[PDB]
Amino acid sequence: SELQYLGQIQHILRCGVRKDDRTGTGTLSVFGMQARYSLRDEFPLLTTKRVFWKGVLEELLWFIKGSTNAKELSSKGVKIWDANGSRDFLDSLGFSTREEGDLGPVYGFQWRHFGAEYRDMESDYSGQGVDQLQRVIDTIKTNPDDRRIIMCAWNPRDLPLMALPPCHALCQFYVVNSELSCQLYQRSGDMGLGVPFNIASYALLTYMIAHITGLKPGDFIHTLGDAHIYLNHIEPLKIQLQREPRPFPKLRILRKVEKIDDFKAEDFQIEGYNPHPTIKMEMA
């Protein structure tokens, strides 16, 4: 339910502590939160504020492809990673000789080629590294009671090579009574900008994997480490905090897909999405 996210926002606004951060902004921060969102006959796309669903779908397909090039996602119309891959930002991190748009070894590279030696974004890493995503799919297919169905994106060796280290760093899957659930550990949660996006992203991943493995989507457990509200997000969120939540939409997959790499953007349809208008919240 969306009241969990709204309650987390209210709790950070009422009990969070003022804390500096890597960017010039400030935050109201709280350490350690957990919410639960049902995936049964509904999709947790927030209704108190319109969420960039096209960005969610395109960025998840971009993760599944193992791509770390921000230009490949920007060509689809999703510019969420163009800022963290811009020339000025890479220069601000010392990567002066790094090609523009190369985010380094990030979510997709760790999902599909964990442990492989990262060269650049144009390299072909076929057959290299550890393919975590296909491993969790096969584990769900052959041993659903396994307690190690984990995809981890935190790689300390590749950490100083990343433009932005993973925020949703680890996720675990769980199967019971033909229901597939997913828990996400998010080390850093931009409650206004990034967190609803990550909620929808991992709910979509759970739907995809449940479609492939013949299971029904269960719950999505969102665990947060440093859940923070930026200052330029205080007044916007309060606006969102005074809107009546509407029922969640539904996600329908239009064709039967066997492999996760064969999913395309046209295979997904959002039904009954009636959100309140968007609320601009600038990135840090």
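The term rigid core refers to the most C-alpha atoms you can superpose between the two forms while keeping them within 1.5 Å. Residue numbers run from 1 along the displayed sequence.
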Going by root mean square C-alpha distance after a core fit, say whether 164-172 or 205-213 is farther from the shown form in 5 other deposited structures of this protein.
164-172
Rigid core fitted first, then name the stretch among 263-271 and 14-22 whose C-alphas deviate most from the displayed form in 5 other deposited structures of this protein.
14-22
Other PDB entries, at least a third, lacking residue 85
yes
Checking the other PDB entries with both flanking residues built, is residue 118 absent in a third or more?
no
Going by the B-factors listed in the PDB entry, is the mean over the C-alpha atoms higher for 208-216 or for 117-125?
117-125
When the entry's CA B-factors for 183, 201, 186, 74 are compared, the highest one belongs to 74
For residue 268, return the chain-relative third of its C-alpha B-factor as stated in the PDB record: lowest, middle or highest.
middle
Within this chain's modelled residues, let me know which third the CA B factor of residue 228 belongs to: lowest, middle or highest.
middle
Taking the entry's C-alpha B-factors for this chain, is residue 172 in the lowest, middle or highest third?
lowest
Among modelled residues of the same chain, the CA temperature factor third for residue 144
highest
Is residue 23 in the lowest, middle or highest third of its chain when residues are ranked by C-alpha B-factor?
middle
